[PDB]
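Below: one structure, written as structure tokens.
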Amino acid sequence: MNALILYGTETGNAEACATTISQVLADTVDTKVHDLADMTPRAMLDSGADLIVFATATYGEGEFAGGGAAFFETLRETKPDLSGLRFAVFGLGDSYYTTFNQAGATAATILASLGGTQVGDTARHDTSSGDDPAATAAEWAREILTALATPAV
Ligand SMILES: Cc1cc2nc3c(=O)[nH]c(=O)nc-3n(C[C@H](O)[C@H](O)[C@H](O)COP(=O)(O)O)c2cc1C
């Protein structure tokens, strides 16, 4: 299995999370990290990666941070088949705000609707918890490894 770890950020937290996730996953799956500001659905598909991990912050009206907004709009507009892919979502947000962690929820909805298969839970990192996002992402990445190793029965 090989993975792409894609981040949507404004102030750098999601970037740090993508990097930490990549280092945790690397002994089990080959990984590459990219900013959503420089990735598209077509380039994602072109890579041939079969696990796509998203680290996405929320801003505005529950919108994707950074490059995520245009990336997910291209998915909505073009609706490519993602049935060949597994995905996982690490959301960043802050319960100080309304639309708490809505970007991660929206990503999981859209990706599954196109046939992607989710691995693990959608994380909801909360800045108001005081926990460091990248540390939380590292712990979540171990949960994803456990999920990948877990059978139906
Ligand atoms: C102006 C502003 C609006 C925000 N809006 C939301 C929001 O709607 N929902 C949410 O859960 N977090 C919201 N956040 C919190 C950010 O998603 C959070 O700080 C996150 O860690 C930022 O990640 P980044 O550094 O990758 O941009 C907002 C933050 C700011 C500064």
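Within each chain, counting starts at residue 1; across the structure tokens, chains are named A, B, ... in the order shown, with ligands numbered 1 upward in that order.
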With the cut-off set at 10 Å and counting only C-alpha atoms and all ligand atoms, tabulate each residue of chain A with an atom at most that distance from an atom of ligand 1, showing the nearest atom pair and its distance in Å to one decimal, ordered by chain and increasing number, as a tab-separated table.
residue	atom	partner	partner_atom_place_in_ligand_line	distance
A:7	CA	ligand 1	26 (O)	7.7
A:8	CA	ligand 1	26 (O)	6.3
A:9	CA	ligand 1	26 (O)	3.5
A:10	CA	ligand 1	27 (O)	3.6
A:11	CA	ligand 1	25 (O)	3.5
A:12	CA	ligand 1	25 (O)	4.0
A:13	CA	ligand 1	25 (O)	3.5
A:14	CA	ligand 1	26 (O)	3.6
A:15	CA	ligand 1	26 (O)	6.2
A:16	CA	ligand 1	26 (O)	7.9
A:17	CA	ligand 1	26 (O)	8.3
A:18	CA	ligand 1	26 (O)	9.8
A:55	CA	ligand 1	26 (O)	8.1
A:56	CA	ligand 1	26 (O)	6.7
A:57	CA	ligand 1	17 (O)	4.3
A:58	CA	ligand 1	17 (O)	4.1
A:59	CA	ligand 1	5 (N)	3.6
A:60	CA	ligand 1	8 (O)	5.2
A:61	CA	ligand 1	8 (O)	5.8
A:62	CA	ligand 1	8 (O)	4.7
A:63	CA	ligand 1	8 (O)	7.1
A:64	CA	ligand 1	17 (O)	8.7
A:65	CA	ligand 1	27 (O)	6.1
A:66	CA	ligand 1	27 (O)	7.4
A:91	CA	ligand 1	17 (O)	8.4
A:92	CA	ligand 1	20 (C)	5.0
A:93	CA	ligand 1	11 (O)	3.1
A:94	CA	ligand 1	12 (N)	4.1
A:95	CA	ligand 1	11 (O)	5.7
A:96	CA	ligand 1	12 (N)	7.2
A:97	CA	ligand 1	7 (C)	4.9
A:98	CA	ligand 1	8 (O)	5.3
A:99	CA	ligand 1	8 (O)	4.6
A:100	CA	ligand 1	11 (O)	3.3
A:101	CA	ligand 1	11 (O)	3.7
A:102	CA	ligand 1	9 (N)	6.3
A:103	CA	ligand 1	9 (N)	7.8
A:104	CA	ligand 1	11 (O)	9.2
A:124	CA	ligand 1	11 (O)	8.2
A:125	CA	ligand 1	21 (O)	7.7
A:126	CA	ligand 1	11 (O)	7.1
A:127	CA	ligand 1	21 (O)	5.8
A:128	CA	ligand 1	19 (O)	8.8
A:132	CA	ligand 1	21 (O)	9.2
A:133	CA	ligand 1	21 (O)	7.0
A:134	CA	ligand 1	21 (O)	9.9
Expected file: the selected residues, C-alpha atoms, as a compact mmCIF listing (two decimals), in the first residue's frame:
# COMPACT_ATOMS: atom_id res chain seq x y z
CA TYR A 7 -3.10 19.05 3.98
CA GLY A 8 -5.32 22.10 3.88
CA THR A 9 -4.02 24.88 6.11
CA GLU A 10 -3.93 28.59 6.78
CA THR A 11 -1.63 28.89 9.81
CA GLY A 12 0.50 25.72 9.48
CA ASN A 13 -1.07 23.26 11.94
CA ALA A 14 -2.44 20.94 9.25
CA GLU A 15 0.96 20.95 7.54
CA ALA A 16 2.69 19.87 10.75
CA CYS A 17 0.07 17.14 11.19
CA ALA A 18 0.66 15.83 7.68
CA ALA A 55 -5.42 16.76 7.31
CA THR A 56 -7.81 19.67 7.00
CA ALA A 57 -8.57 22.71 9.13
CA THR A 58 -11.91 24.52 9.18
CA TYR A 59 -12.49 28.27 8.66
CA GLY A 60 -15.39 30.54 7.62
CA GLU A 61 -18.83 28.87 7.12
CA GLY A 62 -17.50 25.38 7.90
CA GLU A 63 -15.19 25.63 4.90
CA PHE A 64 -11.95 23.87 4.10
CA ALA A 65 -8.76 25.78 4.93
CA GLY A 66 -6.24 26.70 2.30
CA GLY A 91 -9.77 17.26 11.01
CA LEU A 92 -8.54 20.37 12.77
CA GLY A 93 -10.84 22.91 14.37
CA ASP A 94 -11.59 24.70 17.59
CA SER A 95 -14.80 24.54 19.67
CA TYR A 96 -14.41 28.25 20.31
CA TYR A 97 -16.05 28.50 16.85
CA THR A 98 -19.32 27.32 15.43
CA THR A 99 -19.26 24.82 12.52
CA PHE A 100 -16.83 22.90 14.77
CA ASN A 101 -14.53 20.66 12.73
CA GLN A 102 -16.99 20.76 9.81
CA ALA A 103 -14.28 20.52 7.12
CA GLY A 104 -13.24 17.01 8.21
CA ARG A 124 -11.74 16.21 15.44
CA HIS A 125 -8.68 17.91 16.91
CA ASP A 126 -9.79 20.88 19.06
CA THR A 127 -7.37 23.75 19.65
CA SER A 128 -9.33 24.63 22.81
CA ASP A 132 -0.77 19.99 20.28
CA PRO A 133 -2.27 19.18 16.84
CA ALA A 134 0.79 17.37 15.50
(request) Find the spatial neighbours of region 87-89 of chain A, counting only C-alpha atoms, within a cut-off of 7 Å - ignore same-chain residues fewer than 4 positions away - and output them as a VMD selection string. (result) chain A and resid 51 to 55 104 108 116 to 120 122 to 123
(message) Need to verify the contact set: residue 75 (chain A), 12 Å, only C-alpha atoms, exclusion of same-chain residues closer than 3 positions in sequence. Can you return it as number ranges by chain?
(response) A: 40-42, 44-45, 68-72, 78-82, 106-107, 109-114
(request) Please identify which residues in chain A DSSP calls alpha helix (DSSP H) from the backbone, and express them as a ChimeraX atom specification. (result) /A:13-25,41-47,68-78,102-113,133-148
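For region 69-133 of chain A, the set of residues given strand (DSSP E or B) by DSSP on the backbone reads residues 86, 87, 88, 89, 90, 91, 92, 93, 117, 118, 123, 124, 125 and 126 of chain A.
With only C-alpha atoms as the atoms that count, the minimum distance from residue 22 (chain A) to the choices A:35, A:6, A:105, A:143 is reached by A:6.
Between CA of residue 2 (chain A) and CA of residue 49 (chain A) the interatomic distance comes to 5.2 Å.
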